[PDB]
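Peer 1: Quick one, structure for this:
(one chain, ligands or ions: 2)
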Amino acid sequence: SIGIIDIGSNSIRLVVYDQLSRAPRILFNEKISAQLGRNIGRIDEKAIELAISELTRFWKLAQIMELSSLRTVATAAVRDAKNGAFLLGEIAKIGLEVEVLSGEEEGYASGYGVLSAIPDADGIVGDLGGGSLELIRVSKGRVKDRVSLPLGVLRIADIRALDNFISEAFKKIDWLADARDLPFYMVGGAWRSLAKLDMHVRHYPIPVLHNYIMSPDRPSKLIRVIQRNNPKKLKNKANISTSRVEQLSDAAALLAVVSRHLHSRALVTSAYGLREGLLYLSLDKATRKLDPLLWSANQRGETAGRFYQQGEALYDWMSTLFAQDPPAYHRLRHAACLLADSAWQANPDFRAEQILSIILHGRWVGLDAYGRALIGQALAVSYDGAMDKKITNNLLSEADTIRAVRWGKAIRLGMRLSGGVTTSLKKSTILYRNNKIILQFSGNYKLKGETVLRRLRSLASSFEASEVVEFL
Ligand SMILES: [Mg+2]
Ligand SMILES: [Mg+2]
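Peer 2: Residues are numbered from 1 along each chain as shown. Ligands and ions are numbered 1, 2, ... in the order given. Take a look:
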């Protein structure tokens, strides 16, 4: 239902989202490699010709998709070309009014994009685009400070000396000194592509874009990877075809110098950038505070489940076993319960495989790799799978491996007992007391049956407990 066209100096992108919601699904995403800024200074005719044809396609797609809103933004970089104002008028005649973003508006959108995907972010956001580097301090749910620098990807080759430029620029930014030893949240296409390169180079058994973590030493090592490889093979094998390898080398150099000068403790990818920041700021303010993992997992069980979303009564029912879970884990148990019906159409013996890829390889935010592994292994267990551990890179502690097995067995007992109509679990309680796992019925006694209690035996076994069924 909504579209954003993001015009930069090094590429243009259309993204269509299913609705304006807390965590919307991407229906369509197309990046164009026209480089409006390369000829600064004047934008060259052939760039303009490429851009107007592509933008006209973006307009036409918006018409046939019947979008409820299409927003077009451009950077000040493009506007301030000698002929920038003329190009903006040529775009308007397509039917696309261009909203030119100041440095302030650009940095605020990129920073709230990271806060949308990572609500607890506390660090510096770096948006490396074609024409600018935006640096944004985020803390406490807010953008706190911001600077816009002329260090886009196109500008890096002209300098790269790179250390001295950053050193000089950084001296004038007085808030960097209070922001040391914090994460560096990377957004923009070049740095997201560099993280995909790192995943490939490292063979990291969970290739998650969102919240992928890199040491501050990785960028310097990636420069050497690019130099030590055939550029064509590297791009294709790492799934970053369309990236310009020379630009990626420049991006890595900049990342190394910026990270060192900011004293970044970790480099963290955000799947949400400027475009998702615009959406977040378009929300009602109270909607912004909703948890985007649980929002997105709720929507998935609504659209995929047999009886829409029944995970709420399931989470309520199973959580009396899990009251002592660490504070951060309750929302992960909840997200697993919301997704507990999402592989029902698969043949029984492959549902564990499916649900695991949905969790590990879905576009979830508000979650790190360890959390994906926890939810994914709980849900694999819920669908009668063993736990590979090598697909999850042995990330999990033994305590949390036991915890995931217990979550998964409780989920599947609840799902099998209720048939998936989890409202009926409102008349039941499942408890761990005195070395017993006790399924209590205060009502819906007819659900008990006999065979389904094999799931209770399994759960009891994972607790080293006596299976008990009690009617109250
Ligand atoms: Mg940008
Ligand atoms: Mg920019």
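
Peer 1: Look at the residue in the stretch 251-400 of the chain positioned nearest to ligand 2 and say how many residues are nearby.
Peer 2: Closest contact between the stretch 251-400 of the chain and ligand 2, by C-beta to the ion, is at residue 274 (7.8 Å). To be clear about C-beta, it is placed using only N, CA and C from the backbone, and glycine gets the same treatment. Residue 274 is flanked by 28 other residues according to other C-beta atoms under 10 Å.

Peer 1: I figured it was touching residue 111, is that so?
Peer 2: No: at 9.3 Å, residue 274 does not count as touching residue 111 under the criterion of C-beta atoms under 8 Å.

Peer 1: packing partners for the helix or strand hosting residue 456?
Peer 2: If you go by DSSP states H and E, residue 456 is part of helix 454-462. The contact analysis (3 or more C-beta pairs under 8 Å, 6 or more residues apart in numbering; DSSP states H and E) places helix 454-462 against helix 398-418, strand 436-441, strand 466-471.

Peer 1: Now do that helix against strand 466-471, angle only.
Peer 2: Angle of helix 454-462 versus strand 466-471, following axes from the mean of the first three to the mean of the last three C-alpha atoms, to 10 degrees, is 140 degrees.

Peer 1: ok and the residue in this protein nearest ligand 1?
Peer 2: Closest residue of the chain to ligand 1, C-beta to the ion: residue 129 (3.5 Å).

Peer 1: What residues does the protein have near ligand 1?
Peer 2: Residues of the chain lying near ligand 1 by C-beta under 5 Å from the ion: 8, 129, 274.

Peer 1: Can you pull the phi/psi pair for residue 133?
Peer 2: phi -110, psi 120 (degrees, to the nearest 10).

Peer 1: Looks like it contacts residue 154 (just checking).
Peer 2: No: using C-beta under 8 Å, residue 133 is not in contact with residue 154; the gap is 11.3 Å.

Peer 1: who wins for proximity to residue 253 among the helices and strands packed on helix 454-462?
Peer 2: Nearest of these to residue 253, taken as C-beta to C-beta: helix 398-418 at 38.2 Å.

Peer 1: sorry, back to before: just give me the closest of the residues of the chain next to ligand 1 to residue 264.
Peer 2: residue 129 (18.9 Å).

Peer 1: show me the contacts for the closest one.
Peer 2: If you count contacts by C-beta atoms under 8 Å, 6 or more residues apart in numbering, residue 129 has them with 8-10, 75, 152-153, 188-190.

Peer 1: 7 Å instead?
Peer 2: 8, 10, 152, 188 (C-beta atoms under 7 Å, 6 or more residues apart in numbering).

Peer 1: Need those residues in CSV (columns: neighbour count).
Peer 2: Shown next, in CSV, are the contacts of residue 129 (neighbours: other C-beta atoms under 10 Å):
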residue, neighbour count
8, 27
10, 24
152, 27
188, 25
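
Peer 1: Nearest to residue 219, out of those: which one, please.
Peer 2: Using C-beta to C-beta, the contacts of residue 129 come closest to residue 219 at residue 188, 14.0 Å.

Peer 1: how near is that closest one to ligand 2?
Peer 2: Note on residue 188: its distance to ligand 2, by C-beta to the ion, to the nearest Å, is 8 Å.

Peer 1: go on, residue 142?
Peer 2: Here residue 142 is placed at a distance of 21 Å from ligand 2 (C-beta to the ion).

Peer 1: Count the residues that sit near that residue.
Peer 2: 10.

Peer 1: tell me, how many neighbours does residue 224 end up with?
Peer 2: Counted with other C-beta under 10 Å, residue 224 comes out at 11.

Peer 1: Name the SS class of it, please.
Peer 2: Recorded secondary structure, residue 224: helix (DSSP: H, G, I helix; E, B strand; the rest coil).

Peer 1: Enumerate the residues of this structure near ligand 2.
Peer 2: Residues of the chain lying close to ligand 2 (C-beta under 5 Å from the ion) are 129, 132.

Peer 1: Could you chop this structure up by domain?
Peer 2: Split into domains by curated CATH domains, the chain comes to 2-103+277-288, 104-276, 289-471.

Peer 1: Pull up the distance across the second one, start to finish.
Peer 2: Across domain 104-276, the terminal residues are separated by 16 Å (C-alpha to C-alpha, to the nearest Å).

Peer 1: so how far is it from its chain's centroid?
Peer 2: Centroid displacement of domain 104-276 relative to its chain, using C-alpha atoms, centre = their mean, to the nearest Å, is 15 Å.

Peer 1: Please apply the same query to the shortest one.
Peer 2: In terms of C-alpha atoms, centre = their mean, the centre of domain 2-103+277-288 is found 22 Å from the chain centre.

Peer 1: Between the two ends of it, what distance do you get?
Peer 2: 18 Å.

Peer 1: what does the longest one give?
Peer 2: Taking C-alpha to C-alpha, the span from the opening residue of domain 289-471 to its closing residue is 42 Å.

Peer 1: swap in stretch 365-372?
Peer 2: One end of stretch 365-372 sits 10 Å from the other (C-alpha to C-alpha).

Peer 1: Begin at 22, not 1, for the rest of this chat.
Peer 2: Okay, residue one is now 22; in that scheme the one you just asked about reads as stretch 386-393.

Peer 1: thinking again about what came up before, got the phi and psi for the residue of the chain closest to ligand 1?
Peer 2: Dihedral pair for residue 150: phi -110, psi -160, per degrees, to the nearest 10.

Peer 1: mind checking how far it is from residue 180?
Peer 2: 16 Å (C-beta to C-beta, to the nearest Å).

Peer 1: Then residue 128?
Peer 2: 21 Å.

Peer 1: Compare neighbour counts for those two and give me the winner.
Peer 2: Between residue 128 and residue 180, counted using other C-beta under 10 Å, residue 128 has the larger neighbour count: 25 against 16.

Peer 1: Understood, closing this out.
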